[PDB]
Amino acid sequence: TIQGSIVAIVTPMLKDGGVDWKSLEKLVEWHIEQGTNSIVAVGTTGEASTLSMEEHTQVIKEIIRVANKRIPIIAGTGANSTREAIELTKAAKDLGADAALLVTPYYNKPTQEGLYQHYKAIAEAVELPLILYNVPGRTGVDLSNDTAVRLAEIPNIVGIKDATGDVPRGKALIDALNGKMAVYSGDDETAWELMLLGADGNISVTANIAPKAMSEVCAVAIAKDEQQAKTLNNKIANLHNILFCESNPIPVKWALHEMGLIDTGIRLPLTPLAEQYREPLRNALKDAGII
């Protein structure tokens, strides 16, 4: 039921890597003021991989605190161990998250039936709305549309973040589901299209630096206004591409630093955006009217 522009928020860090709580609080407020409809806390863009379990909990807790019930908060709780994903998802439920986002197990390459059992075990273990998340290029596995349609029958599985950027395939999924669960784009470049084709929203990277613009793109696309979606998305289309010059969230964190909103902290193995991309990113920010 969460719809619209859902930012996959970065986890602001001090130069030494520590979580920058003050900047995080200001970012959450800014998103709410600018039109963001929901926030995914500690997803891929939020460096879930390099935060400790305690930090994971604290970031979710702080975002929910600052949001103060004004928008729904989705907690990233994926893991490549079913046992761990249950533990993280239970923690998010106890913290009062509105839903959890669970990327498919990465690296260990479960079978389709293994993906089914993984998500079924978590759904039966924790009474919380769960959103699947498929991003094959990062995980080494591709949760098929057929498996997604099967999982939509499981109570508590309420949606899927489709980051394939394969629009025909996403439309096929939306059509097959016939409303049984939601479909969210996980690909900013094509999100406007998927939303015009029936997706419920965009779990976005670009929304981190253009939250108002993305809120508008999702609103007109969800309203099925093809021309307004095209026109408004065209203004920020180059941002969707440049925010991936190096692996996300490397560019988007640098962008937010050029905007003056967060410091340079980012945890190894990730690195600050390579020096050569900084001027081109600043130009893209200026071209889009962000700085």
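Each residue number is its position in the shown sequence, starting from 1.
**Q** For the C-alpha atoms alone, is the average B factor greater in 266-274 or in 279-287, going by the entry?
**A** The entry gives the higher C-alpha B-factor average to 279-287.
**Q** Averaging C-alpha B-factors over each stretch, which comes out higher, 161-169 or 201-209?
**A** On average, C-alpha B-factors are higher across 161-169.
**Q** When the CA B-factors of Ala223, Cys245, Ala48, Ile39 are compared as recorded in the entry, which is the largest?
**A** In this record, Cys245 carries the highest C-alpha B-factor of the candidates.
**Q** Select lowest, middle or highest to describe the third in which the CA B-factor of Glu216 falls within its chain in this entry.
**A** Its C-alpha B-factor, which the entry lists for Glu216, ranks in the lowest third among residues of this chain.
**Q** Ranking the modelled residues of this chain by C-alpha B-factor as given in the entry, is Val66 in the lowest, middle or highest third?
**A** Within its chain, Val66 is a highest-third residue by C-alpha B-factor, going by the deposited values.
**Q** So where's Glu124 on the chain's Cα temperature factor ranking, which third?
**A** Highest third - that is where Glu124 ends up once the chain's C-alpha B-factors are sorted.
**Q** Consider only the C-alpha atoms of the modelled residues in this chain, order them by B-factor as the entry records it, and name the third containing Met13: lowest, middle or highest.
**A** Ranked within chain, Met13 CA B lands in the middle tercile.
**Q** Quick check for you: using the entry's CA B-factors within this chain, is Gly260 in the lowest, middle or highest third?
**A** For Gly260, whose C-alpha B-factor we compare with every modelled residue in the chain, the answer is the highest third.
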